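Single-structure report; data block below.
There are 2 protein chains.
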Amino acid sequence: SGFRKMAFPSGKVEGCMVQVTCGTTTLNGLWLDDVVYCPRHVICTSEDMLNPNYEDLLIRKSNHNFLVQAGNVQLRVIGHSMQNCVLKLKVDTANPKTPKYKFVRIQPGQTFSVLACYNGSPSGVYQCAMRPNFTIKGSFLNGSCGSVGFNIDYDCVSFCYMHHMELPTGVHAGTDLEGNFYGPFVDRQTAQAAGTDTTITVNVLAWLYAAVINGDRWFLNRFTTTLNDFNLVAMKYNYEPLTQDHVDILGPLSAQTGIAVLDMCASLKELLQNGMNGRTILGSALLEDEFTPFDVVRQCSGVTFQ
Amino acid sequence: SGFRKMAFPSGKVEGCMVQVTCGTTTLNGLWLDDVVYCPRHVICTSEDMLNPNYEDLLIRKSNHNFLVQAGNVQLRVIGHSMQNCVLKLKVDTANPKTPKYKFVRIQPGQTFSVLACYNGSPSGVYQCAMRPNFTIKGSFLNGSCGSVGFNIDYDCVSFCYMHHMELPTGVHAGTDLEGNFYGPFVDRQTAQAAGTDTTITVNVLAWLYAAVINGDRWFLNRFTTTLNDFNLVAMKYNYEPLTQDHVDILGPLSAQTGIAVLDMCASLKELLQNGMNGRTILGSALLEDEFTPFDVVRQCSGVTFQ
Ligand SMILES: *[C@](O)(C(=O)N1CC(C)(C)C1)[C@H](C[C@@H]1CCCNC1=O)NC(=O)[C@@H]1[C@@H]2[C@H](CN1C(=O)[C@@H](NC(=O)C(F)(F)F)C(C)(C)C)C2(C)C
Ligand SMILES: *[C@](O)(C(=O)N1CC(C)(C)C1)[C@H](C[C@@H]1CCCNC1=O)NC(=O)[C@@H]1[C@@H]2[C@H](CN1C(=O)[C@@H](NC(=O)C(F)(F)F)C(C)(C)C)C2(C)C
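Just so you know, the sequences run in chain order A and A'. A prime marks a further copy of an entry chain.
Counted from 1, the first sequence has number 201 at position 201 by PDB author numbering; the numbering is strictly sequential.
Counted from 1, the second sequence has number 117 at position 117 by PDB author numbering; the numbering is strictly sequential.
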């Protein structure tokens, strides 16, 4: 039993992390095959980052201007290009520990593990959700840029996130590994703020299923509701609409517990209107929206990776 | 910025996990050098586990009775002994990926990462505290036994926990890697329950410091208090006493924020007496006691491992 926020094991990703230095700027890079991927603002100074011309700064760099270091070894750059906000450095050595991997662009609502790195060395690992406003709520300091988020599927790492920047309210923004930002953020030290965020409804329901599985059932009421009705009540508590696709995705949890999605929707509608009344669910005093249905099944069935 | 529950990167431990099968029982083992360590109840059936004579069952086993498997490879056992509740299987092969490591017995209050495994393969990683009643609040299913908890210090893994059992209320109990249980639990399917738990005061204060560092300061009041007074108020909310050692351990956080431990103690005493009043700290609606002072510094300074 028990229900924890739980990240994917990081080992496959650890063996891909490098330090990338250009001038005085040092940040982390991802070494896959014979390419190092990092944020393009590695080629900036403090001055530069207020309004940088990245194509211009990069013109003026030679391969030797990029120190890439993998513990004790220093990799020699033999090529450099820019794809959107990502810099690609061709190195002379293929990473022997490159895992099976893919590049994905995740959807708002989806979770992943972040491997927080400083100076190309791992600090720690935690789980995050891509919020509906295209931010994440991470823990990142100076030097963390180039840290990556990932999902593991059996043996194959899907990289979906690279860390670039921090926004007001101390939430975080970044790119896919093709260098396209999630959301409307630019890699420029300029005033930018996140849109107001919503609660990911399907994830809250997934967490309610996890609660029931773990025996926490005080909140199950005896009513049903319609999808239509549920959505109207949830509209006012700033919950995203639940679509029929979402209902279908909750099918496994519904089936494993014998609670129709719409009975659970009934129970949540009550919690939103009456609040939690001095009671916790799975240890928590707030409703959690950072567990997907797959995460719950993963944790409550025992899905495993190598 | 930001503050997350964050585990140590798991890679060094991943390369030590094996599947250990004896008869129909399969659970996880830890392969260090040429020894596999696992819970001794691998040698039991369902029948057995109500009241097992472990010395007796083990007498009757040959080395060949132990299948040890490391992905595709099968290791040949060439020796077996029992140390307390841990079984030690000498294998014919040393693990090439054995990291620098130590065996530690942690103290109540201390945190570690758990690498949850099924069939000797990692499912995921999360952070836990050894609670004062010598339990942890994990996520563990059937097959998880032998999963280990660890701290990383630079390059050296300190294993402190191996998973054995689950108790009423769905909390968890286990041994150090020398096979001594934490707390008064026995490895026997018998009615056993955890003592009522306390809140780890020093950890709550460490979390308050993290809050301030992250800018969440609404709860700082303008008073001091004495250690004596603080402890009396905390006695009734089921907080452990704060000793002078604890005060000394909070020194770095106190120094980095310029808030005396006893000013912070003043602020906590208020929160305990007046409650949180519909407000969160670092996202949380409850006070958190599962971050040590070292964890906070680690996360808020950027300590890093390889
Ligand atoms: C990242 O670039 C990094 O780790 N380093 C750059 C140096 C060499 C200093 C180390 C850095 C990570 C953030 C730093 C503050 C704490 N948390 C972080 O995640 N990213 C940046 O500093 C980032 C780069 C320029 C400005 N950045 C940035 O994040 C700004 N944010 C904004 O301007 C905002 F619009 F609010 F998003 C702050 C420094 C936080 C003000 C660029 C975006 C290119
Ligand atoms: C662990 O032994 C394991 O993963 N497996 C044994 C098999 C082969 C079935 C796979 C197992 C882990 C727990 C299983 C329930 C869910 N969570 C777990 O962590 N441990 C046990 O089953 C454990 C062994 C016998 C009885 N165990 C146990 O945990 C009991 N608990 C108690 O008796 C209690 F006193 F409450 F602690 C339950 C099965 C949960 C009732 C032994 C203790 C040797």
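The beta carbon of each residue, even a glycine, is placed where N, CA and C say it ideally should be.
Query: Interface partners of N119/A' on chain A, CB under 8 Å; Result: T304
Query: As assigned by DSSP and simplified to three states, the class of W218/A'; Result: coil
Query: Reduced DSSP category for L30/A' - H, G, I as helix; E, B as strand; rest coil; Result: strand
Query: Chain A contact residues for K269/A', given Cβ-Cβ distances below 8 Å; Result: By Cβ distance, chain A contributes nothing, its closest Cβ being about 21 Å from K269/A', past 8 Å.
Query: Start and end residues, beta strand (DSSP E) containing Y101/A'; Result: 100-103
Query: Three-state secondary structure assigned by DSSP to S267/A'; Result: helix
Query: Exposure label - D248/A'; buried when at least 16 CB within 10 Å; Result: exposed
Query: Cβ pair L220/A', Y37/A' closer than 7 Å; Result: no
Query: Proximity test, Cβ basis, 7 Å: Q74/A and chain A'; Result: no
Query: Validate contact between the stretch 124-143 of chain A and the stretch 57-70 of chain A using beta carbons, cut 8 Å, 3 pairs; Result: no
Query: Residues that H172/A contacts on chain A', provided the C-beta gap is smaller than 8 Å; Result: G2
Query: Check: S123/A' C-beta below 6 Å from any heavy atom of ligand 2; Result: no
Query: Residues of the stretch 273-301 of chain A whose Cβ lies closer than 7 Å to any Cβ of chain A', in chain order; Result: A285, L286, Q299
Query: Three-state secondary structure assigned by DSSP to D153/A'; Result: strand
Query: Coil, strand or helix - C44/A' by DSSP; Result: coil
Query: Residues proximal to ligand 1 by C-beta, any heavy atom closer than 5 Å; Result: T25/A, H41/A, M49/A, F140/A, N142/A, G143/A, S144/A, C145/A, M165/A, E166/A, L167/A, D187/A, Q189/A, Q192/A
Query: Any chain A beta carbon closer than 7 Å to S139/A'; Result: yes
Query: Enclosing beta strand (DSSP E) for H80/A' [first to last residue]; Result: 77-83
Query: Opposing strand residues paired with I136/A [DSSP bridges]; Result: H172/A
Query: Burial state of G174/A', where buried means 16 or more other Cβ atoms lie within 10 Å; Result: buried
Query: Proximal residues to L58/A (C-beta, below 8 Å), its chain only, five neighbours per side dropped; Result: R40, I43, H80, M82, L87
Query: CB contact below 7 Å: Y209/A versus chain A'; Result: no
Query: Three CB pairs or more closer than 8 Å across the stretch 137-147 of chain A and the stretch 13-32 of chain A; Result: yes
Query: Contact belief for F305/A with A210/A at Cβ below 8 Å, rounded distance in angstroms; Result: About 20 Å; that fails the 8 Å criterion.
Query: For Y237/A, the three-state DSSP class (helix, strand or coil); Result: coil
Query: Boundaries of the alpha helix (DSSP H) in which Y54/A' is found, first to last residue; Result: 54-59
Query: Rounded separation between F66/A and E14/A - CA only; Result: 21 Å
Query: CB-CB length for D187/A against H164/A, believed under 8 Å; Result: 6 Å
Query: Three-state secondary structure (DSSP) of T25/A'; Result: strand
Query: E14/A at chain A' interface by Cβ criterion, 7 Å; Result: yes
Query: Burial state of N28/A' (16 or more Cβ within 10 Å); Result: buried
Query: Reduced DSSP category for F112/A - H, G, I as helix; E, B as strand; rest coil; Result: strand
Query: Helix, strand or coil at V13/A according to DSSP, with G and I counted as helix; Result: helix
Query: Neighbouring residues, chain A, relative to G29/A' (Cβ below 9 Å); Result: The premise fails here: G29/A' is roughly 15 Å from chain A at the closest Cβ pair, so nothing lies under 9 Å.
Query: Whether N238/A' touches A194/A' by CB criterion (7 Å); Result: no
Query: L27/A': CB within 6 Å of a non-hydrogen atom of ligand 2; Result: yes
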